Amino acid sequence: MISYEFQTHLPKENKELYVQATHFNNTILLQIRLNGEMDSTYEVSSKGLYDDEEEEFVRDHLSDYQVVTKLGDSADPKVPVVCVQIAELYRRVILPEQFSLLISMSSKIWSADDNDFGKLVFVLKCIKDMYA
């Protein structure tokens, strides 16, 4: 019933970037399309759950995920990085303004790398600007 969306162009012929998200009780379904295209899907889920307070800081900020490739390349080093960052954005920021996230996206958005941190930050900003 509730759709979230955001349409822009990748920085700075500018390709259209389209983000959309539907939120459910078990999961969020996120689309990230490049010129309308979308060719991969990943499931991102959280891995379970004198002296010092740093060891609880560590455990309270250890945030590991399982990234499962449902469609597309299952051995892209840049994917689990993007997926976890998107997942963490949802957990720490977007909700609010349990964890499962299904991400369908264009692999064409992403020493093989191109401009990867800037492009990662921009996509994260787009998702946040959606109110994901």
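Counting begins at 1, following the sequence as shown.
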| item | value |
| --- | --- |
| Interresidue gap class [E54, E55; deposited sequence, unmodelled] | none |
| Length class of the unmodelled deposited segment, which would lie between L49 and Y50 | 10 or more |
| Stretch with the greater mean C-alpha B-factor as recorded in the entry, comparing 30-38 against 57-65 | 57-65 |
| Given 17-25 and 113-121, the range whose Cα B-factors average higher in the PDB entry | 113-121 |
| Given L89, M105, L101, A75, the residue at which the Cα B factor reaches its maximum | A75 |
